[PDB]
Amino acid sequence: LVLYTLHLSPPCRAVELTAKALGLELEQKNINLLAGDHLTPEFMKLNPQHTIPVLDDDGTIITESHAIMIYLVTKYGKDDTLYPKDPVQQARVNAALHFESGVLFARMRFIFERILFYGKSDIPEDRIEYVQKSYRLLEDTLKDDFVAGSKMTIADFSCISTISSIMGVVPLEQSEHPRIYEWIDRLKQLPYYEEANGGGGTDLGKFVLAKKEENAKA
């Protein structure tokens, strides 16, 4: 299994968490977004949307982190605990997956991408507010121990990959979000959490802040 990837990228780290949970080894091929590696004609052939992650499973090309996670659990999970087959339980996981793509990740990207790639040095107040609203939505979703119920699923891997990044840029206040902090501690009990995700999320937040300051020059 080959992952076209960059550790700073949240949906990349979502798939790394999944592969660790599944006991799969991934061969990582680095796509340096900061050098434009994803903008080549060769990469475009892999993904016409020119985004990472992309999985190569023995020549079969699977794009998009959520799709990749679902595919890996379906094909290689010894059971379905990370992505239930039961239709109602599965719908709850799917709903949380799309909440991650549509709300958590999208709002993070609306602050990050312009800093990382287009030379911006500001974070508009409305976009901070949009992120804080996404934190409230998440806190209210965490009625159980994990985002899509009492068992940990790929939806948690998706959500934490983003949360562990954006909170270093838009602070996530513990007194106001106790459930999110208890849930982060559950994920930090995983032996592979820091290698698969924690380090990379912390590093992305710091990088965004460092880039914002550097870009302020000239």
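So that there is no doubt, residue numbering starts at 1 and follows the sequence shown.
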Mean B factor on CA atoms, stretches 183-191 and 39-47, record says higher is 39-47
Taking the deposited Cα B-factors and averaging over 87-95 and over 101-109, the higher mean is found in 87-95
Comparing C-alpha B-factors across 198, 205, 10, 23 in this entry, the winner is 23
Among 153, 28, 63, 165, highest Cα B-factor in the entry goes to 28
Of the three thirds of Cα B-factor ranks in this chain, residue 169 occupies the middle
Sorting the chain's modelled residues by C-alpha B-factor and splitting them into thirds places residue 142 in the highest
Among the modelled residues of its chain, the C-alpha B-factor of residue 32 falls in the third labelled middle
